[PDB]
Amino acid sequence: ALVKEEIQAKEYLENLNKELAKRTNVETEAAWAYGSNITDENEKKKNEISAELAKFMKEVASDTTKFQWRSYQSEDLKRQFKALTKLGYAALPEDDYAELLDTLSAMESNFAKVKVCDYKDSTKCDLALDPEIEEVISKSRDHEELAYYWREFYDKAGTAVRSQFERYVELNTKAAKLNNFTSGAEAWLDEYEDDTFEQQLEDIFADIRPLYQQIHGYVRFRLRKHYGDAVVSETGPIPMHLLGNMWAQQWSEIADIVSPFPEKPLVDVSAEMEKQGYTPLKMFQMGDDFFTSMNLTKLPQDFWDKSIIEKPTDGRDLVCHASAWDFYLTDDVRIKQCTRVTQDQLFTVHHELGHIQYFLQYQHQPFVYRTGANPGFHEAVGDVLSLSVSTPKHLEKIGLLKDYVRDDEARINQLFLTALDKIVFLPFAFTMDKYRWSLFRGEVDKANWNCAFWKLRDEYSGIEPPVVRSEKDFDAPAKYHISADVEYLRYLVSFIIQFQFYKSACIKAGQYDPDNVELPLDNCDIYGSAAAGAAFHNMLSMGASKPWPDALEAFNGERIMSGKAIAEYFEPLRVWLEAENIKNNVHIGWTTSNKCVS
């Protein structure tokens, strides 16, 4: 009978959760060892342990059928059982899972091992993306140099893994269907527990799209003045290599040439950080201080003892893309970051520490609940703090911004700078998953895979490659998350919801009042606010114990993902920018790109 079984089920779940945590700890250690030290031996070890855990997950999913869990009274017990039925890749046959693992590591290791030759010195061929190539992309204003590095990188990080990527799509699809999802798109979207989630994002994106068009138009205008009309056309998509980022996902690195008021201050604290003798250790210590200042949890000793916060100086290959790690014990949390002393890197430190804080806040939950309310929540935490860290208000407090006058023009410069990171990213993030969803769903024939990628980048972002690409090239895997099989919609969601969190945290901190000119949203600093911290504790401690609208409700009483907050933040910029574009007769929109030959 059901009453007695539900008691037994509760006991079954308690033990199983603890067992899953312990088994996952072993897989995580091997995955950490591989990411920190790419070798054939470490690859073998990572993939063999994963195969072993997958085998156990299969047994668990099979064992859930022995319980009448759908009949139970407790929503909590039913939710835990449901989490256990979802196998993901573990649903694949033993041999298929092993092949998928070998395929994934082949792609991630290819990306991590990419080396190019120096533009000026064809004998020096040991430039890696991080930091060598990225330094050039961000700093060089030589369009031919930029285009050289773009082509070299994309050819090696992208085209080189086409066949592996094809097999990955096949096995991802097979796995999804064994879980009775239509494709991997539906498997990923299941994490958001909302059958209208795609439409919700389309609607929010449509509301912000006109603002993006205005920013795009103004940036293109300013780039024409710098590079000339031979490099940048008035009516065409922007050549992406000019945007200060390898993937044109954020444009803040070219702020010095596109800033609204060039005679007024533009915040760039990198030089002051170096001047004051900042180190990676100091940057992480300052992030820790920000969290502890809000009455949130201090970084444990394991973090300091075990984290990797600088690129290793021996000859080893590693994954340098920044990552935060939960080892599912108590207080064993780690970051691996190839940290550099720059402003943007200071934001990245706070982003990664946001993941760490989430791990610490929910470590008391049963294993299945030790994850974000949805994947976007996990990405948003640290970015909320980064928004405060980026303010002139905060940067003056820590002595990184000196002799700053916050007049009307300086404010527009700062809002524009933020928008180059926050608004610009939205169409980029949407296209990363729109692309993969289309391949997962079988909507694009293999013969059209590369130009389907550039078509999307054109349609949504109005950017294009520096050189003509074709189906001989395969450019998508040149982005880390595509080579490493990391869902990207989490970042689009994050960039929307982080403004909901920021706005509410600021109101709570007494730092934002829409009717008080002295308290604008774009200069809010939540440092030292226990009130803002209280809201974070309330939400993060839930982990995934409840559907995400309940986690949002715990923070600020709202239950809906909304574009209201991000639009509110950038409203003063929108008004100024629309007028500035009219004043300067700026062309808005773009013709279809000619840079991908079918």
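Quick note: we count residues from 1 along the sequence shown, nothing fancier.
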Higher-scoring stretch by recorded Cα B factor average, 43-51 or 546-554:
43-51
Going by the mean C-alpha B-factor recorded in the entry, which is higher: 371-379 or 121-129?
121-129
In terms of recorded Cα temperature factor, pick the maximum from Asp190, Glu234, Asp403, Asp458.
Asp403
Between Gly217, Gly184, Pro520, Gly442, which carries the biggest CA temperature factor in the record?
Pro520
Entry-reported C-alpha B-factor of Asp326 relative to its chain, by third, is middle
Lowest, middle or highest third: where is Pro465 by Cα B-factor in its chain?
lowest
What third of its chain's C-alpha B-factors does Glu108 belong to: lowest, middle or highest?
middle
Once the chain's modelled residues are ordered by C-alpha B factor and cut into thirds, is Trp590 in the lowest, middle or highest one?
lowest
For the chain shown, is the CA B-factor of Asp195 in the lowest, middle or highest third of its modelled residues?
lowest
